[PDB]
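Participant: Quick one: the structure is below, and I'll ask about it shortly.
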Amino acid sequence: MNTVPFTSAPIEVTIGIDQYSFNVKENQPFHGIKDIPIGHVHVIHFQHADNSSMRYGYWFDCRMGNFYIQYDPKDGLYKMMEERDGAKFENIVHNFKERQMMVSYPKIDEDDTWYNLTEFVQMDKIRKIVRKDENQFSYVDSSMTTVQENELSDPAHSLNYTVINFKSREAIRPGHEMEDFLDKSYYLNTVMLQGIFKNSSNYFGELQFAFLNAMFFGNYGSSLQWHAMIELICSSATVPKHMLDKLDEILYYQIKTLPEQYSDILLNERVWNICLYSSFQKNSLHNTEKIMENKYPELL
Amino acid sequence: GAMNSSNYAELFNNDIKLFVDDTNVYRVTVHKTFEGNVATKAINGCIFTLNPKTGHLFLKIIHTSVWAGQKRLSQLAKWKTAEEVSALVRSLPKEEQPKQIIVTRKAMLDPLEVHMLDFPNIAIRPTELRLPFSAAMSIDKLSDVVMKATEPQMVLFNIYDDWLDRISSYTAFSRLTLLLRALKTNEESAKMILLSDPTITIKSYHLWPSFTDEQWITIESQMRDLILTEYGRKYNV
């Protein structure tokens, strides 16, 4: 079990860790989150009580170092930093626990939610979508735009998701125009799975990271990427059986976890009705279809 | 963006553009089988691709052989149309390729867009106008060359005959669409009107009779009257 200490909490902020979150008051003696489950990526995120605009946060993995949060009064936000002095860090952490000023990562032992949401998400891949190679953790926020969004401005702040575009030369082989546009199997399996992602787990990893960014920050380009990666699978007649079965599980826990009140901006009516009811893979998302129907029959 | 009454004069500027109409690409007769089931029999069709400024018509004849052994033919028709339009663009010298293609039905946007990916600077637009180009097979010479074809074939015409020697594109297009509108609403009358007078003939290299200017005024008014009459009948007004 790992710890992320906090130097202080000077501004009233709502703090999230993964799917959990806590209200902390201005200059409340909050000094970190302990018992964080090792072996998964994690995300710590923030929303100032004064600017319900701009949720922001940091993706990290404690195995990659000792990380802590510190408020910056110049830039006006809680910053993740790394402590390279291992001894100095255990000292701060042990003292704060002794003083019991830390919240416990509140995992129910029955609960595999976070695992199911992050099964294929690896820190190494996140740091290729959020390129900032002097930090071992990755910053994301509400406002950041994706590479594809920029194309249609500052590339240092870009989410370098894989560009998927159904009406591109990449998507469409010459002479198979109609075939490849109605049956994207080529694009999925040759171009994307074998070509760019190399295997299905990396594909699912990006899909999942995109969803969590949409969910935790309302990042609209991530929502677009998530729907695109779903649609690509669902619009392919030939998908490995192991990917279909895993996709239904992936989407299930994503739909289960979404706040009930946000279904309107986070769920694209067309893509879902197409995936669940029109696509080749209509019959392959039984769990995701059952929970979509019993929870958001309006969208359908 | 879409084409409508506002931006209607853009059709007559000097940007090369073509209208594509696919309504007559996949044509069938519907009949009863011996067991009494319904079956279709395909007949030859055409793609109506027209430059509205110059009157040049690229009539791509769609021979029934194209369908043989194919499923979901009405969907395939859209892709074949897009395929043939793209090939037409590729066959034209660079300075003749259009800057825009306006499809008369929105179902053609994705097929054509996909077939034109090699031409990213050609814009594929829909339109809100309700153009009567389906009545193209009411023009006797067009229907004749489609129905007689024995193989895929492209036939070129000027759909304005020689009108542009005396009138503008705007007026030529308006005349064409009025003739076609009338042919669409009541073909028998429309054709009666055009041919009543046997002393006004159709040149071998033309589609429409060689009316004088005054006679075109009478004709156009007769076509107008036809169209309004049919409206009252359709709706009881």
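Ordering of the structure tokens sets the chain letters (A, B, ...); residue numbers start at 1 within each chain; ligands are numbered from 1 in the order shown.
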Define the interface residues of chain A facing chain B as those within 8 Å, counting only C-alpha atoms, and report them as a PyMOL selection string.
Facilitator: chain A and resi 167-169+172+177-178+181
Participant: Using DSSP secondary structure from the backbone, list all helix (DSSP H, G or I) positions within region 28-213 of chain B, as number ranges by chain.
Facilitator: B: 64-67, 73-91, 94-96, 106-115, 133-138, 140-148, 163-165, 169-185, 187-195, 213
Participant: Identify, with DSSP run on backbone atoms, the residues in region 97-268 of chain A assigned to strand (DSSP E), and express the list as a ChimeraX atom specification.
Facilitator: /A:103-104,138-141
Participant: To one decimal place, how far is CA of residue 46 (chain B) from CA of residue 1 (chain B) in Å?
Facilitator: 26.5 Å
Participant: In Å to one decimal, how far is CA of residue 48 (chain B) from CA of residue 147 (chain B)?
Facilitator: 14.7 Å
Participant: Between CA of residue 288 (chain A) and CA of residue 248 (chain A), what is the distance in Å, rounded to a tenth?
Facilitator: 5.6 Å
Participant: Residue 20 (chain A): which residues within 12 Å, counting only C-alpha atoms, same-chain residues fewer than 4 positions away excluded, as JSON, numbers by chain?
Facilitator: {"A": [14, 15, 16, 33, 36, 42, 43, 44, 45, 46, 103, 104, 105, 106, 107, 108, 113, 114, 216, 257]}
Participant: Skipping near chain neighbours, those fewer than 2 positions away, what residues fall within 12 Å of residue 65 (chain B) using only C-alpha atoms, listed as number ranges by chain?
Facilitator: B: 26, 41-45, 61-63, 67-70, 149-152
Participant: Find the residues near residue 165 (chain B): any atom within 12 Å, counting only C-alpha atoms, skip ones fewer than 4 places away on the same chain, and give them as JSON, numbers by chain.
Facilitator: {"B": [54, 55, 160, 161, 169, 171, 172, 213]}
Participant: Could you write those residues out with C-alpha atoms, as an mmCIF file, in the first residue's frame?
Facilitator:
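So selection-v5.cif came out as:
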data_model
loop_
_atom_site.group_PDB
_atom_site.id
_atom_site.type_symbol
_atom_site.label_atom_id
_atom_site.label_comp_id
_atom_site.auth_asym_id
_atom_site.auth_seq_id
_atom_site.Cartn_x
_atom_site.Cartn_y
_atom_site.Cartn_z
ATOM 1 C CA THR B 54 -22.072 25.310 -69.606
ATOM 2 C CA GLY B 55 -24.824 22.734 -70.227
ATOM 3 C CA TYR B 160 -29.096 23.468 -73.394
ATOM 4 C CA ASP B 161 -28.756 22.826 -77.148
ATOM 5 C CA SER B 169 -26.641 30.329 -67.963
ATOM 6 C CA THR B 171 -31.861 31.697 -67.731
ATOM 7 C CA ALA B 172 -30.855 28.484 -69.451
ATOM 8 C CA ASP B 213 -37.427 33.430 -78.852
#
Participant: Which of these, A:150, A:201, A:236, A:27, has the shortest distance to residue 125 (chain A) once you count only C-alpha atoms?
Facilitator: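 Under the stated criterion, the closest residue is A:201.
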Participant: Which residues come within 12 Å of residue 95 (chain B), counting only C-alpha atoms, excluding same-chain residues fewer than 5 positions away, as a list in words?
Facilitator: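 Residues meeting the cut-off are residues 15, 16, 89 and 90 of chain B.
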Participant: Since we have the selection now, will you write its residues out, keeping N, CA, C and O atoms, as an mmCIF file, in the first residue's frame?
Facilitator:
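Result written to again-v2.cif:
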data_model
loop_
_atom_site.group_PDB
_atom_site.id
_atom_site.type_symbol
_atom_site.label_atom_id
_atom_site.label_comp_id
_atom_site.auth_asym_id
_atom_site.auth_seq_id
_atom_site.Cartn_x
_atom_site.Cartn_y
_atom_site.Cartn_z
ATOM 1 N N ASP B 15 -16.538 29.192 -61.089
ATOM 2 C CA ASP B 15 -15.990 28.003 -60.452
ATOM 3 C C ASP B 15 -16.627 26.775 -61.111
ATOM 4 O O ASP B 15 -17.856 26.585 -61.019
ATOM 5 N N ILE B 16 -15.811 25.902 -61.683
ATOM 6 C CA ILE B 16 -16.380 24.699 -62.273
ATOM 7 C C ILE B 16 -17.073 23.870 -61.196
ATOM 8 O O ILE B 16 -16.457 23.496 -60.203
ATOM 9 N N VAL B 89 -14.030 12.385 -62.941
ATOM 10 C CA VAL B 89 -13.134 13.463 -62.521
ATOM 11 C C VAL B 89 -11.697 13.114 -62.870
ATOM 12 O O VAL B 89 -10.990 13.910 -63.507
ATOM 13 N N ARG B 90 -11.246 11.865 -62.522
ATOM 14 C CA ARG B 90 -9.875 11.443 -62.861
ATOM 15 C C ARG B 90 -9.581 11.550 -64.352
ATOM 16 O O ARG B 90 -8.448 11.847 -64.762
#
Participant: Just checking: using only C-alpha atoms, which residue out of A:117, A:163, A:64, A:24 ends up closest to residue 196 (chain A)?
Facilitator: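 When distances to residue 196 (chain A) are compared using only C-alpha atoms, the smallest one comes from A:163.
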Participant: Residue 238 (chain A): which residues within 10 Å, counting only C-alpha atoms, same-chain residues fewer than 2 positions away excluded, as a VMD selection string?
Facilitator: chain A and resid 183 to 186 188 to 189 233 to 236 240 to 241 280 to 281
Participant: Can you work out which one of B:209, B:98, B:120, B:132 has the shortest atom-to-atom distance to residue 176 (chain B), counting only C-alpha atoms?
Facilitator: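 Selected residue with least distance to residue 176 (chain B): B:132.
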Participant: Can you work out which one of B:87, B:81, B:237, B:231 has the shortest atom-to-atom distance to residue 109 (chain B), counting only C-alpha atoms?
Facilitator: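 Using only C-alpha atoms, the shortest distance to residue 109 (chain B) belongs to B:81.
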